[PDB]
Ligand SMILES: [Zn+2]
């Protein structure tokens, strides 16, 4: 656990709004999301550090994340 | 310039609506048989299966080189070095 | 049926691009034939 | 067989005798991957990052076979 | 009338249904499943083929070729996504 | 050893000039302080008190370092509007016995 | 055992729940002997800055919590033998206190000092 | 605007957890962007599975499917 | 002649040039073969896996097709 | 769909508008 | 010839400015002022750097929107000496925030303020200069949603179009393409199986090399064409990537015969019925244009009418 | 064995959209391949939904979900549309 549960839930309900009103989430789902959310960012940062390493740097940059996701095929 | 080398190769870019296999089919087919043999004997290889593998691998290796180029580019390098292939494979997570 | 969103962006653009190709070749020939000196 | 050596630049050599303690931190490859910590008796610390979960067990088996002190061995 | 012809569809609904029944997708299969599915197939098929014939025109041809399908899928932002990692085989 | 109050100074030439805390790192070891610089401006070589802001110091030379409205100058004279935000060890400054009261209300 | 005692005298800080006193690096390295399975203050420094406090007063050596007065006055009779601070200042976030409460862990501040 | 609510330290702590040594402030802008894109797809899928189940409040069962369907699968649960 | 060299450096050089890769270390060509072999090995294994259910002792494009699917390399241009 | 297309088209329109301004301006001032 | 400092006038100015490239071995701050006929950047160490307004091929302004720096990019018609080196490209910028964090509203808000503050100050400097310059130096602002990922030199960056150029000034070295000089564009490696592609720029003076913009992602294919279309830029696609140095000398040596062979039409993928080569190089593949034989249709009657429950 | 295919109907549809156009066996093979691929993607996903219900039977309802999940934007709108039309078209009897 590393993000504040409120802003996280607020964001979940907020984006839910863009798809559909009425939507709210049982605690189990929002927790499961954060549980998934953290795992994804963890993996991505590890990967990004591999790029950092590969680029002979320690200060990661967005392009490191971009490349990692780019190579990962996260985008369309 | 109407002379050869100019016309064909220039136009071949446009004549090349074809999808010519980049690895030599027989040199590759032999390797298929070879690796196939490495797995198991009695394996008849349909040319269709040979083509299926060949075409997939060529695009696939080109794919690998897409990532490898990125990673070279990533490292501010033009020449790819095996570390890039490795980086790419590691990041793709497409490792055995 | 007839579910396509709209004419493809290329089809619209094609006339202008095709146009540009003609324009380009004429334009290219003078500039370049003139530049050849 | 009797030490650890980091090959190529910066080249560095380690002997099991110079090791104070080491540990396989939760690494950078997977939640079960590892990074290897080393601190020398000289107080000089070395750490090797980003290593697959697969190499965790082998190095885990290896250091116990070398019987060196691992920070998490008391766990 | 064939189930397809009931639906006026070209697609063989019995085949789609038969594929699912024998294909181990489920223990039983209701008619609405293959019916909806067969219609969807013709729709996307037409969606592509519509572009393909257009591409054929855009290729000076009355004969569609694989080369035309490549232009369709990459120019169509949806097929571009639906067929994003797919491989087309051709000598 | 805790932040957020208005206090009195003890050591150096920086004797008893009142300040407050600006922003907090959780370690509770030191307190950041809204202070007035005591520099000579690095000019005797090629003691005082005067608030100074990173500008005539730039003609003598030295470290001019801006962090926007937050500044650093001539050897980490952490300064803003000519005031130091350098932190002091909470024991080294006399912190207690101020308590902002009805009469006190306007300084910081 | 003595692993709970300051190994080094540099930068000592006290756990803020059970007031156990250890070095900046001992908490970073080892965590709290009575609350790591309950606190998880081990391995990180931002966490150290939050949980482990530099503001503590006096030290108490626990020898026989079962038969001792100081063991009672200091709220340590339920701990293992070690050195604890008489009073540590500060307070925990509005989350872990609830997590602790959920487990039946009642956070009472070790802050024995009277305020002015 | 709650993506702005995903605190820099929260992200920062995950980066430390991912062994990153250093970070450039743009990572926050970028990290928030990444978080949205992941969330957008997971929720849309979560929404759709819930929509199919004829419900308006999402359950862990539904999110498991949304992640599992994307290969981003969660662990520790059964039924 | 040994088929591992059958994936000649120029055959590789063509693919890398197509993967947009410009200069190529000699070292690459060798790893490419390994990668390709690793790639093929996984694929062929699966093709055989399919072939065994079919009680066949002949490898078909169908097995490869059914295999490339399973690896996220779905292939069009085969079957009926 | 239309919102992002409009955002992109808008950037394109602005570009087109600015190009035209510059086109008209460039010819006029040099023409003088 | 000079610069002529606009003495005793309210010469617009900006002060949080890092010049790029550095004059000396290491970077310096300074302030940029607009004068009678050019700019001047004066370092905090007293160095003077002057830019005639005319010698500026382009003035492009990069707001710090999504960028850790606010930048004024100068693309020059001629290179100028920084003493150490000569450069056709120059920048003035300043850091937006913490770039070197080693592992909150006030800080975050100060970022919002500081950006706006700087953003405004620069925006004001621009307007003051545009007014001063009789607008002869309109600061093109890169149309960010019209930018795309690519690599003009060595590293991946977001290329962005401006009213008259395609550039990426965030990174260094700076990338600037004056669209006035673009003869043609070719999208090499464009193919369905690729995930990325490349772009080549042909210049109007063929004595100068083409420029590549490697590995641009294919998802940007249609948007880039459209941008190019809107710029009146002719482009062409090609799965192949043949030698431009050869193609240039070829056409440089014999442009007459080149144009006679339809010139640049050689890149045309023969999409639509250009009468000159109406039949391209095509032939029937090996098929009878898939025509299902009369006997294959007959199995349809077993679509047995079982009214399986809705 | 007797070969199975959709190429017949693909051509019928080709003519239904472009009667004036024909197609080569390779392009036909691609389209026929596509039919097989997409059918299984949806067939698998429709099975998972039925499986999540812990049920023996799959319906159009699972399809609508799977279609919206697998098909992007427009394709989902139209597949919902054309699919709803096609359902209705052989629903009117009973
Ligand atoms: Zn404790």
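Virtual Cβ from ideal backbone geometry, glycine too; neighbours counted across all protein chains shown. Bear in mind that the values in this text are calculations on the coordinates, not laboratory data.
A few remarks follow.
- Hey, residue G:96 within 14 Å of chain F (Cβ to nearest Cβ) and more than 14 Å from the ligand (Cβ to nearest atom) or not: no
- Only residues that are within 15 Å of the ligand (Cβ to nearest atom) and either closer than 15 Å to residue G:80 by Cα or touching a helix residue (DSSP H, G or I) at 6+ places or on another chain (Cβ under 8 Å) (or both) were counted in the stretch G:44-57, giving 3.
- Some residue of the stretch G:25-33 being within 11 Å of the ligand (Cβ to nearest atom), out of contact with any helix residue (DSSP H, G or I) (no Cβ under 7 Å at 6 or more places or on another chain) and in a loop (DSSP other than H, G, I, E, B): yes
- Total residues in the stretch K:205-224, condition under 23 Å from residue B:12 (Cα atoms), outside any strand (DSSP E or B), more than 14 Å from chain B (Cβ to nearest Cβ) and in contact with a strand residue (DSSP E or B) (Cβ under 6 Å, 6 or more places away or on another chain): 1
- Hits in the stretch L:47-57 - residues which are in contact with a helix residue (DSSP H, G or I) (Cβ under 9 Å, 6 or more places away or on another chain), more than 7 Å from chain E (Cβ to nearest Cβ) and either more than 20 Å from residue E:33 (Cα to Cα) or not in a loop (DSSP other than H, G, I, E, B) (or both): L:48, L:49, L:52
- Helices (runs of 4 or more DSSP H) enclosed by the stretch E:1-90 - at least 2 residues per element that are under 15 Å from the mean Cα position of the chain (by Cα) and farther than 29 Å from residue C:7 by Cβ: E:13-22, E:32-57
- Residues in chain C that are within 18 Å of the chain's Cα centre (by Cα) and not in a helix (DSSP H, G or I): C:7, C:8.
- All conditions in (1) in contact with a strand residue (DSSP E or B) (Cβ under 6 Å, 6 or more places away or on another chain); (2) not in a helix (DSSP H, G or I) hold for residue K:228, with the sole exception of (2).
- Matching residues, the stretch K:148-186, being within 14 Å of chain J (Cβ to nearest Cβ), under 24 Å from residue A:55 (Cα atoms) and buried (at least 24 other Cβ atoms within 10 Å of the Cβ): K:167
- The set of residues in the stretch E:18-42 being buried (at least 24 other Cβ atoms within 10 Å of the Cβ) and more than 7 Å from every other protein chain (Cβ to nearest Cβ) consists of E:34, E:38.
- Evaluation of residue G:37 against the conditions (1) under 30 Å from residue D:37 (Cα atoms); (2) away from the ligand (no atom under 13 Å from the Cβ); (3) surrounded by fewer than 18 Cβ atoms within 10 Å (Cβ to Cβ) shows that the sole unmet condition is (2).
- With respect to the conditions (1) facing chain E (nearest Cβ under 7 Å); (2) surrounded by 11 or more Cβ atoms within 10 Å (Cβ to Cβ), residue K:302 falls short on a single one, namely (2).
- The set of residues in the stretch B:19-50 being part of a helix (DSSP H, G or I) and more than 7 Å from every other protein chain (Cβ to nearest Cβ) consists of B:25, B:26, B:29, B:32, B:33, B:37, B:38, B:47, B:50.
- Qualifying residue in the stretch K:70-91 (condition: in a loop (DSSP other than H, G, I, E, B), buried (at least 19 other Cβ atoms within 10 Å of the Cβ) and within 14 Å of another protein chain (Cβ to nearest Cβ)): no
- Residues (surrounded by 17 or more Cβ atoms within 10 Å (Cβ to Cβ) and part of a loop (DSSP other than H, G, I, E, B)) located in the stretch F:37-61: F:37, F:38, F:39, F:41, F:52, F:54
- Test: residue in the stretch E:59-71 that is more than 24 Å from residue K:287 (Cα to Cα), touching a strand residue (DSSP E or B) at 6+ places or on another chain (Cβ under 9 Å) and within 14 Å of chain I (Cβ to nearest Cβ): no
- Residue G:80 being at negative phi and within 12 Å of the ligand (Cβ to nearest atom): yes
- Here is the figure for the stretch B:43-62: residues that are within 8 Å of the chain's Cα centre (by Cα) and over 19 Å from residue I:6 (Cβ atoms) total 0.
- Evaluation of residue A:75 against the conditions (1) farther than 23 Å from residue H:6 by Cα; (2) outside any helix (DSSP H, G or I); (3) in contact with a helix residue (DSSP H, G or I) (Cβ under 9 Å, 6 or more places away or on another chain) shows that the sole unmet condition is (1).
- Checked against the criterion of being over 30 Å from residue K:242 (Cα atoms) and facing chain B (nearest Cβ under 8 Å), the stretch I:6-21 contains not a single residue that satisfies it.
- Any hit, the stretch G:7-22, residues being more than 10 Å from the ligand (Cβ to nearest atom), crowded, with 19+ Cβ neighbours inside 10 Å and within 14 Å of chain F (Cβ to nearest Cβ): yes
- Qualifying residue in the stretch L:71-82 (condition: more than 7 Å from chain E (Cβ to nearest Cβ), in contact with a helix residue (DSSP H, G or I) (Cβ under 8 Å, 6 or more places away or on another chain), surrounded by fewer than 22 Cβ atoms within 10 Å (Cβ to Cβ) and part of a helix (DSSP H, G or I)): yes
- Among the residues of the stretch I:1-13, those identified as in contact with a helix residue (DSSP H, G or I) (Cβ under 9 Å, 6 or more places away or on another chain) and either assigned to a helix (DSSP H, G or I) or under 15 Å from residue B:64 (Cα atoms) (or both) are I:3, I:4, I:5, I:6, I:9, I:11, I:12, I:13.
- Subset of the stretch K:92-108 that is more than 10 Å from chain H (Cβ to nearest Cβ) and within 15 Å of residue F:67 (Cβ to Cβ) - its residue that is surrounded by the most Cβ atoms within 10 Å (Cβ to Cβ): K:94
- Output for the stretch B:2-18, where each listed residue is part of a loop (DSSP other than H, G, I, E, B) and surrounded by fewer than 17 Cβ atoms within 10 Å (Cβ to Cβ): B:2, B:3, B:4, B:5, B:16, B:18
- Members of the stretch H:22-65 found to be within 7 Å of chain A (Cβ to nearest Cβ), touching a strand residue (DSSP E or B) at 6+ places or on another chain (Cβ under 8 Å) and outside any helix (DSSP H, G or I), listed by number: H:22, H:23, H:24, H:56, H:57, H:58
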